[PDB]
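Structural overview
What follows is each chain in one-letter form.
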Amino acid sequence: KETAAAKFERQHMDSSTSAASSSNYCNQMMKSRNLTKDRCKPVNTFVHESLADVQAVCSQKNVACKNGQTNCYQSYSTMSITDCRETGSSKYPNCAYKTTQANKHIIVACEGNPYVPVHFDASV
């Protein structure tokens, strides 16, 4: 199995690099993280901050989740993130992505005991 928390780390945490290393980044990462195993996941965001920093967002600004739930939190500071988005040549099993770096606030849904990030909601 894999807990919601471990799953979030797998799909969204990349503390090794401070930014989107290169145009090749998303292609390597989406595959490496097993995000292109059952289909090409259309979009995915990686956060280049420490695990502790991202978990701390659960005690930050409480905001509404896109699905209407109220367990979402927005970071007070901007964080380094990389957006991975499908290219047109993208054809399963040959998934292709466009790597895009930016500094934005992240919004994550948190749950459990301890209270940790379980889902990436949005970035603003």
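Cut-offs applied
The residue numbers you see begin from 1 on each chain and track the sequence as written, which may not match the entry, and residues missing coordinates are not shown. To get the side-chain values, take all heavy atoms of the structure and skip hydrogens and water. Residues with missing side-chain atoms are left out of burial classes, side-chain pairs and their counts. For the purposes of this entry, the term helix denotes a DSSP run of H or I that reaches at least four residues, the term strand denotes a run of E that reaches at least two, and both are numbered from the N terminus. The size measure is the radius of gyration over C-alpha atoms, and the globule rule it meets is 2.2 Å times the number of residues to the 0.38 power. Whether two residues touch is decided by their heavy atoms; if any such pair falls within 4.5 Å, the residues are in contact. A carboxyl oxygen of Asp or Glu within 4 Å of a side-chain nitrogen of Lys or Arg is what we treat as a salt bridge. Buried, partly exposed and exposed residues are distinguished by accessible area as a fraction of the type maximum, computed with a 1.4 Å probe on protein chains only: under 20%, between the cut-offs, and over 50%, respectively. Polar contacts here mean pairs of N or O atoms no more than 3.5 Å apart (in protein, one a potential hydrogen donor and the other a potential acceptor; neighbouring residues in sequence count only if both atoms are side-chain atoms). UniProt positions are given in the numbering used here, feature names are shortened, and annotations may be inferred rather than shown by experiment.

This deposited entry lists X-ray crystallography as its structure determination method and 2.0 Å as its resolution.

Moving on, we get to the overall build of the chain. Per the secondary structure count, the chain includes three helices and seven strands. Listed by position from the N terminus, the elements making up the chain come as α-α-β-α-β-β-β-β-β-β. Relative to the compact-globule value of 14 Å for 124 residues, the chain shows a C-alpha radius of gyration of 14 Å, a close match. The long-range fraction of contacts in the chain, counting pairs at least 24 apart against all pairs at least 6 apart in sequence, stands at 63%.

Scanning the entire structure with this criterion turns up one salt bridge. Between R10 and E2 there is a salt bridge, and its shortest N-O distance comes to 2.8 Å. A residue is classified by how much of its surface remains accessible, and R10, at 24% relative accessible area, is partly exposed. In this structure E2 comes out as partly exposed when scored by relative accessible area, which is 40%.

One can find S80 in strand β4 (residues 79-86). Taking the relative accessible area as the measure of exposure, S80 reaches 8% and is therefore buried. At a separation of 2.7 Å, a polar atom in the side chain of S80 contacts the side chain of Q101.

On to the UniProt feature "binding site: substrate" in the chain. Within this numbering scheme, the UniProt entry marks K7, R10, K41, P42, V43, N44, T45, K66 and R85 as carrying the feature "binding site: substrate". The exposure class assigned to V43 is exposed, which follows from its relative accessible area of 53%. With respect to the helices, strands and loops of the structure, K66 is situated in the loop between β2 (61-63) and β3 (72-74). In contact with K66, other than residues within four places in its own chain, are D121 and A122.

To continue, consider the UniProt feature "active site" in the chain. Per the UniProt entry, the sites bearing "active site" are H12 and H119 in this numbering. Over a stretch of 108 residues, the named residues converge on one spot in the fold, their C-alpha atoms separated by at most 8.8 Å. Mapping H12 onto the fold places it in helix α1 (residues 4-12). In this structure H12 touches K41, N44, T45, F46, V47 and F120, once residues within four positions along its chain are discounted. Residue placement: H119 occurs in strand β7 (residues 116-123). For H119, the contacting residues outside a window of four places in its chain are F8, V108 and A109.

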